[PDB]
Amino acid sequence: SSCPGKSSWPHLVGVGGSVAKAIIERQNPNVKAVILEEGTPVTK
Amino acid sequence: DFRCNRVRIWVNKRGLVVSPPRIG
């Protein structure tokens with residue numbers, strides 16, 4: 001099966017969190033987002 | 001719990017929001 005909605009967005013990094021939340025919530029009105037700072041080793 | 005219904009967004013104190021291009 002496949003998860004509908006934009007399964008992979010572009011790269012709005014630094015494009016304001018709220019902004020990205022609008023594009024993600026607008027593309028997949030069936031998914032929520034969570035804001036969090038950095039800490040764990042993320043894909044460098 | 002990173003499902004296709006939960007998007008995590010990271011933010012670097014540098015004053016930027018590192019949002020993962022993908023969901024989980």
# chains A, B, ... in the order shown; residues from 1 in each chain; ligands from 1
call {"tool": "interface_residues", "arguments": {"of": "chain A", "to": "chain B", "cutoff": "6 Å", "atoms": "only C-alpha atoms", "output": "PyMOL selection string"}}
result
chain A and resi 8-11+13-14+16-17+31-38
call {"tool": "select_by_dssp", "arguments": {"residues": "chain B", "states": "strand (DSSP E)", "output": "mmCIF file with N, CA, C and O atoms, in the first residue's frame"}}
result
data_model
loop_
_atom_site.group_PDB
_atom_site.id
_atom_site.type_symbol
_atom_site.label_atom_id
_atom_site.label_comp_id
_atom_site.auth_asym_id
_atom_site.auth_seq_id
_atom_site.Cartn_x
_atom_site.Cartn_y
_atom_site.Cartn_z
ATOM 1 N N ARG B 6 1.730 11.794 11.384
ATOM 2 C CA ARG B 6 2.457 12.658 12.349
ATOM 3 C C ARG B 6 3.730 13.201 11.706
ATOM 4 O O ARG B 6 4.594 12.425 11.347
ATOM 5 N N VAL B 7 3.819 14.496 11.577
ATOM 6 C CA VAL B 7 5.032 15.088 10.957
ATOM 7 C C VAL B 7 5.875 15.777 12.029
ATOM 8 O O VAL B 7 5.361 16.619 12.738
ATOM 9 N N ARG B 8 7.124 15.412 12.123
ATOM 10 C CA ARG B 8 7.994 16.049 13.148
ATOM 11 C C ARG B 8 8.793 17.190 12.522
ATOM 12 O O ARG B 8 9.285 17.039 11.421
ATOM 13 N N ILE B 9 8.903 18.285 13.224
ATOM 14 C CA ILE B 9 9.669 19.434 12.674
ATOM 15 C C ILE B 9 10.759 19.848 13.658
ATOM 16 O O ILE B 9 10.449 20.172 14.788
ATOM 17 N N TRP B 10 11.989 19.829 13.221
ATOM 18 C CA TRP B 10 13.095 20.222 14.135
ATOM 19 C C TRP B 10 13.427 21.701 13.953
ATOM 20 O O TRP B 10 13.215 22.233 12.881
ATOM 21 N N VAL B 11 13.932 22.320 14.985
ATOM 22 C CA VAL B 11 14.280 23.761 14.875
ATOM 23 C C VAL B 11 15.668 24.006 15.464
ATOM 24 O O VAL B 11 15.894 23.675 16.610
ATOM 25 N N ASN B 12 16.547 24.570 14.682
ATOM 26 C CA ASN B 12 17.917 24.835 15.196
ATOM 27 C C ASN B 12 17.969 26.211 15.855
ATOM 28 O O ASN B 12 17.563 27.180 15.243
ATOM 29 N N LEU B 16 16.301 28.812 12.808
ATOM 30 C CA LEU B 16 15.729 28.198 11.581
ATOM 31 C C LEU B 16 14.909 26.963 11.949
ATOM 32 O O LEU B 16 15.109 26.410 13.012
ATOM 33 N N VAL B 17 14.019 26.567 11.079
ATOM 34 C CA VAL B 17 13.188 25.371 11.377
ATOM 35 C C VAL B 17 13.585 24.222 10.455
ATOM 36 O O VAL B 17 13.185 24.214 9.308
ATOM 37 N N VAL B 18 14.347 23.294 10.965
ATOM 38 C CA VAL B 18 14.769 22.148 10.117
ATOM 39 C C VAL B 18 13.648 21.112 10.043
ATOM 40 O O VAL B 18 13.653 20.172 10.813
#
call {"tool": "atom_distance", "arguments": {"atom1": "atom CA of residue 15 of chain A", "atom2": "atom CA of residue 44 of chain A"}}
result
18.3 Å
call {"tool": "atom_distance", "arguments": {"atom1": "atom CA of residue 25 of chain A", "atom2": "atom CA of residue 3 of chain A"}}
result
14.7 Å
call {"tool": "select_by_dssp", "arguments": {"residues": "chain A", "states": "helix (DSSP H, G or I)", "output": "JSON, numbers by chain"}}
result
{"A": [17, 18, 19, 20, 21, 22, 23, 24, 25, 26, 27]}
call {"tool": "write_last_selection", "arguments": {"atoms": "N, CA, C and O atoms", "output": "short mmCIF file (atom, residue, chain, number, x, y, z; two decimals), in the first residue's frame"}}
result
data_model
loop_
_atom_site.label_atom_id
_atom_site.label_comp_id
_atom_site.auth_asym_id
_atom_site.auth_seq_id
_atom_site.Cartn_x
_atom_site.Cartn_y
_atom_site.Cartn_z
N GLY A 17 8.50 27.56 10.80
CA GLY A 17 7.81 26.29 11.15
C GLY A 17 6.33 26.40 10.80
O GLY A 17 5.83 25.56 10.07
N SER A 18 5.67 27.41 11.30
CA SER A 18 4.23 27.57 10.99
C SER A 18 4.00 27.45 9.49
O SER A 18 3.12 26.73 9.07
N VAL A 19 4.79 28.15 8.72
CA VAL A 19 4.63 28.07 7.24
C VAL A 19 4.64 26.61 6.79
O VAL A 19 3.68 26.17 6.19
N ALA A 20 5.70 25.91 7.09
CA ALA A 20 5.77 24.49 6.68
C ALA A 20 4.54 23.75 7.19
O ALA A 20 4.00 22.92 6.48
N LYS A 21 4.12 24.06 8.39
CA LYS A 21 2.92 23.37 8.94
C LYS A 21 1.72 23.64 8.05
O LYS A 21 0.86 22.79 7.93
N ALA A 22 1.68 24.80 7.44
CA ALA A 22 0.53 25.12 6.55
C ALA A 22 0.61 24.28 5.29
O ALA A 22 -0.40 23.77 4.85
N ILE A 23 1.79 24.14 4.74
CA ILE A 23 1.93 23.33 3.50
C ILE A 23 1.66 21.86 3.81
O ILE A 23 0.99 21.20 3.05
N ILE A 24 2.18 21.39 4.92
CA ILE A 24 1.96 19.97 5.28
C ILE A 24 0.49 19.75 5.65
O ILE A 24 -0.10 18.79 5.20
N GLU A 25 -0.05 20.63 6.45
CA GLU A 25 -1.47 20.47 6.84
C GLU A 25 -2.38 20.71 5.64
O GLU A 25 -3.45 20.15 5.58
N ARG A 26 -1.93 21.52 4.72
CA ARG A 26 -2.76 21.79 3.52
C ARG A 26 -2.67 20.62 2.55
O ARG A 26 -3.66 20.28 1.92
N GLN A 27 -1.51 20.02 2.45
CA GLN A 27 -1.37 18.87 1.52
C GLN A 27 -1.99 17.62 2.14
O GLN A 27 -2.64 16.87 1.44
#
